[PDB]
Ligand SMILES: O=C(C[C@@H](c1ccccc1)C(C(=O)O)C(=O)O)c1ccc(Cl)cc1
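In the block that follows, a single chain appears as structure tokens, in the form solved without the ligand.
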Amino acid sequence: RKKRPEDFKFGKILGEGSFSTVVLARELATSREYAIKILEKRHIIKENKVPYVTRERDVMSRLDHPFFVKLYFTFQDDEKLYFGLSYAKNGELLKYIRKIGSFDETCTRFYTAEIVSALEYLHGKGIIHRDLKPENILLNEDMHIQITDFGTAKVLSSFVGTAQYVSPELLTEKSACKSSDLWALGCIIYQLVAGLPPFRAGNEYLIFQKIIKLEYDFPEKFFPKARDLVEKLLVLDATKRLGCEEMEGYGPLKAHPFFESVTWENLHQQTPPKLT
């Protein structure tokens, strides 16, 4: 039953990294399109990433939700590992933010709700993403979200993500929790409304300085209820963020006035609002 590289017609490179390359492929027997993540075994071993790649596959194997990438199959030849992932036709959320400038209230609410629902599922399995950002949140043909890149995920019973979305506790205690993803969520909501992430500076050190000082400003147009939500997620104390266990979880987060009109139970059945 195991698949081979010969079973596929590979196409364009979708993304390139230091440890992997994601290529679009059409399976010959089925005509199905997959995003195949290809990882060179020598380079993984040389840079000591075996625990990272192993955990990545293990985390993706446990994912069974429409708002997350699916691992359909794995195989290997002499040089490379292949992970067969779901293909998200419409690409990164980041593309759409830069294209339309900034989302309106209807679109901000719907896509934020999808991210919250995704995170609720994810954190309910005791998994932290640790690198949540618009480029890691993809969009399928139906324009629903698909969160990918679990190469730096943490399974709860050491890394530092992307600078602009890094939480203060990671800069202070080197520790990561579920609340770290929720901080990232707050940056993402801000970015959807404002067009740019909240903490911006000339270099990483200067960005990290702004994070620990909570040095950011809202534009005047910023949706009042969206602002209130962001202010309750961008909190230096990870214990005081909406959604976290110490704040009694996802109930209160989902009950926030910004989500008033949201039907939480069937988001992926709903038709997404058009991005204008």
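For every residue, the number given is its place in the sequence shown, counted from 1.
Below, we refer to the form deposited with the ligand bound, which is not included among the displayed structures.
Student: Though the ligand is not shown, can you say which of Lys225, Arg32, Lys240, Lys41 has a heavy atom within 4.5 Å of it in the entry with it bound?
Tutor: Looking at the other structure, the residue within range turns out to be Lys41.
Student: Please determine, with the chain shown alone, which of 211 to 219, 230 to 238, 245 to 253, 48 to 56 has non-hydrogen atoms within 4.5 Å of the ligand in the entry with it bound.
Tutor: Going through the listed ranges, the match is 48 to 56.
Student: With the partner left out of view, is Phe75 within 4.5 angstroms of the ligand in the entry with it bound by any non-hydrogen atom?
Tutor: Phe75: contacts the ligand in the entry with it bound.
Student: Applying a 4.5 Å heavy atom distance criterion, does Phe110 contact the ligand in the entry with it bound?
Tutor: No, no contact at 4.5 Å.
Student: Can you work out whether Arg4 and the ligand are in contact in the entry with it bound, taking contact to mean some heavy atom pair no more than 4.5 Å apart?
Tutor: Contact check for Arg4: no, nothing within 4.5 Å of the ligand in the entry with it bound.
Student: According to a 4.5 angstroms non-hydrogen atom cut-off, is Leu81 in contact with the ligand in the entry with it bound?
Tutor: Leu81: contacts the ligand in the entry with it bound.
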